[PDB]
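Participant: Next up is a structure, given as structure tokens.
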Amino acid sequence: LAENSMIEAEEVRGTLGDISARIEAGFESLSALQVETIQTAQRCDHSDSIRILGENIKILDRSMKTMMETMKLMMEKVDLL
Amino acid sequence: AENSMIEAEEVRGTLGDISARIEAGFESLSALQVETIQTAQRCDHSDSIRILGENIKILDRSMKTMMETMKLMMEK
Amino acid sequence: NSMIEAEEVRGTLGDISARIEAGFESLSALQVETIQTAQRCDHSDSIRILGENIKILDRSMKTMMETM
Amino acid sequence: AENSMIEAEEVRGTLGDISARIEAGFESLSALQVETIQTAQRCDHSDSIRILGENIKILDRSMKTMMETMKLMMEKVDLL
């Protein structure tokens, strides 16, 4: 049964080896998908675009202030009629 | 003696349970990872934000038109 | 010595399964928190409602233009 | 007898390699997962979006003021 012990040893090694293979197959599979996850996340970061968008809306507002000034100037003139 | 065979049978069972848990865990985590990337894709609104700005720009151009119109009425 | 060694291997293999379950259980907990956090970054409704307001703004501009 | 001990000794060595690979992978994936959640937090722009909308609403409110002012000139131009 000395050979028996050897076959049982080789079978144990093979299985353990396959286990290590499944563990390595997974960890890199999940890590890769995780790298694609973080990347897709970066895409959803529209911080700069929004801040720019607000500053243009602000220029807009400052242009309506201007329009009002001109508006009330016409008002004065037609009032001094 | 053959107490080794029964011992080997037990070792096979436990190791098989291990492999099952490994495959189950990785299979579950991966399915939730595909759900994560897909949900993130939804959070991308680059097109929407851009159309919004282009609308603000058109609106600004319309402001300039009124401004010219106003001064025009002034000259009158 | 075969059984005592078998008892030793069983302990280590049992510890192995525990670490596997711990790792998988922890990572999933952080992914459910991750997916939930990702869901928060969806602003489709807000972005669109904002645009509809700008459309009213333009509509009012066109109204002013005709008034003049 | 001895050949059994070395066989057992190998199992200890190999299983230790197994535990190490397990710990390395889990530690690595989690660290990259915490990087994921933090990056996701960056993508939340609710506050900015909200202030953005409130400014456009003020913009509309000011337009209504202009409409009222513009009519005033029409009432006075209507004098004639």
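Chains as they are written, first to last, in the UniProt record's numbering: chain L, 82 to 162; chain B, 83 to 158; chain Y, 85 to 152; chain U, 83 to 162.
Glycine included, C-beta positions come from ideal geometry on N, C-alpha and C.
Which residues, in chain order, does the region 111 to 130 of chain Y contribute to contact with chain U at a C-beta distance below 8 Å?
Facilitator: Listed by position, the residues of the region 111 to 130 of chain Y near chain U (Cβ gap below 8 Å) are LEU111, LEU114, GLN115, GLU117, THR118, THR121, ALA122, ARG124, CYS125, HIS127, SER130.
Participant: Would you kindly report the start and end of the unbroken alpha helix (DSSP H) that includes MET152 of chain Y?
Facilitator: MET152 of chain Y -> no alpha helix (DSSP H), and no H or E assigned at all.
Participant: Given this structure, state the Cα-to-Cα distance separating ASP160 of chain U from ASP160 of chain L, to the nearest angstrom.
Facilitator: Near 12 Å, if we compare the C-alpha coordinates of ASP160 of chain L and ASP160 of chain U.
Participant: Can you say whether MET148 of chain L is buried or exposed, counting buried as having 16 or more other CB atoms within 10 angstroms of its CB?
Facilitator: By the neighbour-count rule (16 or more Cβ atoms within 10 Å), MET148 of chain L is buried.
Participant: Using alpha carbons as the reference points, say which of U:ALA106, U:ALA122, U:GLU105 lies closest to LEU114 of chain Y.
Facilitator: Measuring from the Cα of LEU114 of chain Y, the nearest candidate turns out to be U:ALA122.
Participant: Output needed in chain order: residues of the region 134 to 145 of chain U with a Cβ under 8 Å from some Cβ in chain Y.
Facilitator: Those residues of the region 134 to 145 of chain U that come within reach of chain Y (Cβ to Cβ, closer than 8 Å) are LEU134, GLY135, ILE138, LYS139, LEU141, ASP142, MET145.
Participant: Report the neighbours of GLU105 of chain B on chain L: residues whose CB is nearer than 9 Å to its CB, in chain order.
Facilitator: Under the 9 Å cutoff, chain L gives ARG103, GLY107.
Participant: Since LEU134 of chain U and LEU97 of chain L should fall inside the 8 Å C-beta cutoff, what is the C-beta to C-beta distance between them, to a whole number of angstroms?
Facilitator: Actually they are not in contact, since the Cβ atoms of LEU134 of chain U and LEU97 of chain L sit about 59 Å apart, beyond 8 Å.
Participant: Would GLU92 of chain Y pass as an interface residue toward chain U - the criterion being a Cβ-Cβ separation below 9 Å?
Facilitator: Chain U contact via Cβ: present.
Participant: Hey, could you find the ends of the alpha helix (DSSP H) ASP99 of chain U is sitting in?
Facilitator: 84 to 124 is the extent of the alpha helix (DSSP H) around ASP99 of chain U.
Participant: In this structure, does DSSP put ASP129 of chain Y in helix, strand or coil?
Facilitator: Of the three classes helix, strand and coil, the one that applies to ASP129 of chain Y here is helix, per DSSP.
Participant: Do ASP142 of chain B and residue 65 of chain L come within 9 Å of each other at the CB atom, strictly closer than that value?
Facilitator: Since the first and last residues shown for chain L are 82 and 162, residue 65 of chain L lies out of range.
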